[PDB]
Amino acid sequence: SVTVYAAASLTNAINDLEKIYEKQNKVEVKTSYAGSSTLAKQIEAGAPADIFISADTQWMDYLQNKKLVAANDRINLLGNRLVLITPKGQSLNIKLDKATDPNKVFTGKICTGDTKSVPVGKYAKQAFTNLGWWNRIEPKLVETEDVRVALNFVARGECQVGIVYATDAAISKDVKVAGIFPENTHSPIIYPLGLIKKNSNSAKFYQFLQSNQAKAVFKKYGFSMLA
């Protein structure tokens, strides 16, 4: 058996790859999805994850500083982009530029991950700060513990705007993209892949996630493959 803990934005891609791997090997693949913060803290407390995939560098560094992953047992696997979303049927087009006034374009709540801890929220806070929007954005926030909880709040029309990854917008027919954050507003969205337990089965799955077969699945869902 191999246990994989993965950022919630990876739910669909990793589910697809788990089914492929189980058809190709006599191995059971157990998956757990949540915010990268929650998952890293659980591993620190002893959760038996063999493999961890974070939605940012920071939560993998968090484990490395605790000696739970070695520098040579992690690789930058995927990239993403940050987007604004709206419920389908309440479409908007908003330019993520300092010239835009967030008090004019955001007239309800803004749903995203917790800006202190969840990767999507940390990237969002970087962008708001870069744009000079933070003190006008913060009073509007509804914060969740992973990006998919935020996606669902917007999909159900419970929040007028959300901030999710491009791949999250693509997976939900119930939300539309209202704007794409320029890359220079935040740190690059990078997913490090980490081998936490070093054994035969875990090493094989860690290599499989880097394989040509896995590339096709990640690209299908809209992730970029990192060089």
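All residue numbers refer to positions in the sequence shown, first residue = 1.
The mean Cα B-factor in the deposited entry runs higher for 24-32 than for the other of 24-32 and 48-56. Averaged over Cα atoms, the B-factor as recorded in the entry is higher for 94-102 than for the other of 137-145 and 94-102. For the set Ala40, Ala70, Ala166, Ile189, the PDB entry puts the maximum C-alpha B factor at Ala70. In this PDB entry, the Cα temperature factor of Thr107 sits in the top third of its chain's modelled residues, the highest group. Among all modelled residues in this chain, the alpha-carbon of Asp61 has a temperature factor (C-alpha) in the lowest third. In this PDB entry, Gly132 carries a Cα temperature factor that places it within the middle third of its chain's modelled residues. In the deposited entry, the Cα temperature factor of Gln207 sits in the top third of values across the chain's modelled residues.
Sort the chain's modelled residues by C-alpha temperature factor and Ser9 lands in the lowest third, per the entry.
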